[PDB]
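Given next are two forms of a protein chain, the same chain in both, each as structure tokens and marked structure 1 or structure 2.
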Structure 1
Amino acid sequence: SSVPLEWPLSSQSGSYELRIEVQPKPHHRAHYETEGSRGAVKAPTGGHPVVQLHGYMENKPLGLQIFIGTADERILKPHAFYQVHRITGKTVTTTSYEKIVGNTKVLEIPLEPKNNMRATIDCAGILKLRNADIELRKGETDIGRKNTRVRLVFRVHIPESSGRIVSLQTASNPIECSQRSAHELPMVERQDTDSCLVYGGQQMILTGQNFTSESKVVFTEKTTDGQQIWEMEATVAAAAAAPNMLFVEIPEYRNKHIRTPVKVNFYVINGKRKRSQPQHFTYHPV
């Protein structure tokens, strides 16, 4: 019995752990069927994402099955508006054969011991399905508009001696697939500082794209559930700045009366809607 793609899975079980070494670039412009291939998903510096398994000595080679799934909240499932796109030929180090499960496309690539079970996902581009065709499918009610962010999901089924097979799943960082979004949405590449006392009052030079001059970094605190309790304007522009750099003053945490450090999230919102993806920051005790 195969494992349904909708079923979430852990990244590790006991000693078995499948982890993404290098995550993909914050954005990849997917191609439509009516057009040519718009290359493979890439990695920040210049390479392509890398996936690795942990704790597999048996000499049998394994299969890592890549598939495009959702990002935006809830349970991670395959993405109804996107499909992976096999990329082979001339270049491309990693090899793969495709298949289609349920209604999703799934690429499988070789996970071999001769490379301590680590493969470079250099063969998977993204294909966009016409929101029209997919919204009116069979008993499906997922929103396609504005939904253009996906995740490179990776799976591997480890074969044990007892005949048992524990299933491991990953999930890459969200990727922005829309050309328009990639261009007009605020992007944060490399932070600068991560800690500061609840008091605040420190600089943290942010770098990324779409950092205009009307940008305005905002801070917020979420819950284990998903509720909001804090949104404090974090004044910017000490003067000017670098075309895509931003020097913001770290605000003053909720009540400053904390014995145990608190990790927090802060984004960038250019236009009245053009928001950026949440970030991470850490406050310290009293």
Structure 2
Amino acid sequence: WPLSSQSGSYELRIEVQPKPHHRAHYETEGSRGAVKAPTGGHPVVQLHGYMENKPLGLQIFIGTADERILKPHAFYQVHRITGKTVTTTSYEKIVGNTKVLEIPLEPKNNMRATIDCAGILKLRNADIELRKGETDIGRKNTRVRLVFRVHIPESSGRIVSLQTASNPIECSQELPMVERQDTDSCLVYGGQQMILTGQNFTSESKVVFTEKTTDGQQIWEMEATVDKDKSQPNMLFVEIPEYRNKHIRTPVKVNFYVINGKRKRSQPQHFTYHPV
């Protein structure tokens, strides 16, 4: 529905936001999986002020993230994952030019709902812009927001319709960047703390040290553990790794980079090791 709503006398809140990224899939591919949450779980929606003992139907559809008139995204449609097992929530498929998922919000769970039945299909830019009426374009526009709605019936006969939107979700298959290093060196034993000040640093970021021969033959590689804290979206706390040879009589130049998965390595950062 293009009309905007909010959170009237009660309140519909997203208790658990979905990961910032989520590669969507095409009709040409097979499901690319449900929208997952950073916690390794799934996003969670909850209706608070409801006291009655009647189950409502939470509605889920994919909407726009940028611009600003929250509306169904023309190039994305929620996908009903048929989790023969993994699925913890029942589903239903409706329409209105855009597909909508309806999951039950039951008081049994304190009107709380785990969303692990929602995927993200991606229609083909051409196929869309090709239909009479649409003026928006797909190109470069792949940000999305999960939209949740509930239609609360009050004994008085009225219908209160709340709605909420997740944070933005990138839906396309963005690398790390280091600007400053808390420390520049340390000695063989390691231990000392190094705080990296940069960008794109996510909870899934990794830091690895490496040493190469003047040619390029990497002879050393070791992952230095990041930190227990949520760190920061632009700050990492790395515990300098130990070295492979404490018995050095001259400092040793090495490198360390930040990586986010596979094809996501930051430029090599310089770091030296002083002999005992």
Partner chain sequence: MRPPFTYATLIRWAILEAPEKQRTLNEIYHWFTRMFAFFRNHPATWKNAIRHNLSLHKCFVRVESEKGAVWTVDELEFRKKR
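The first residue in the sequence of structure 1 is number 1, and each one after it adds one. Just so we're on the same page, rigid core means the largest C-alpha set that superposes within 1.5 Å between forms.
**Student:** Kindly point out the structure, among the two, that is the form deposited without the partner chain.
**Tutor:** Only structure 2 matches the form deposited without the partner chain.
**Student:** Core aligned, which of 72, 112, 194, 142 has the Cα that shifts 2 angstroms or more between the two structures?
**Tutor:** Result of the comparison: 194.
**Student:** Once both forms sit on the same rigid core, is the C-alpha displacement of residue 226 at or above 2 Å between the two structures?
**Tutor:** The answer is yes; the displacement is at least 2 Å.
**Student:** Does residue 211 show a Cα shift reaching 2 Å between the two structures after rigid-core superposition?
**Tutor:** Yes, the C-alpha position differs by at least 2 Å between the two structures.
**Student:** If we fit on the core, is the Cα of residue 49 displaced 2 Å or more between the two structures?
**Tutor:** Residue 49: C-alpha displaced by less than 2 Å between the two structures.
**Student:** How many angstrom apart are the two C-alpha positions of residue 261 between the two structures, if you fit on the rigid core?
**Tutor:** With the cores aligned, its C-alpha sits 47.7 Å away.
**Student:** After aligning on the rigid core, report the distance the C-alpha of residue 100 travels between the two structures, in angstrom.
**Tutor:** Spelling it out: core superposed, C-alpha of residue 100 shifted, distance 3.4 Å.
**Student:** With both forms put on the same core, how far apart in Å are the CA positions of residue 13 between the two structures?
**Tutor:** That residue's C-alpha sits 4.5 Å away in the other form.
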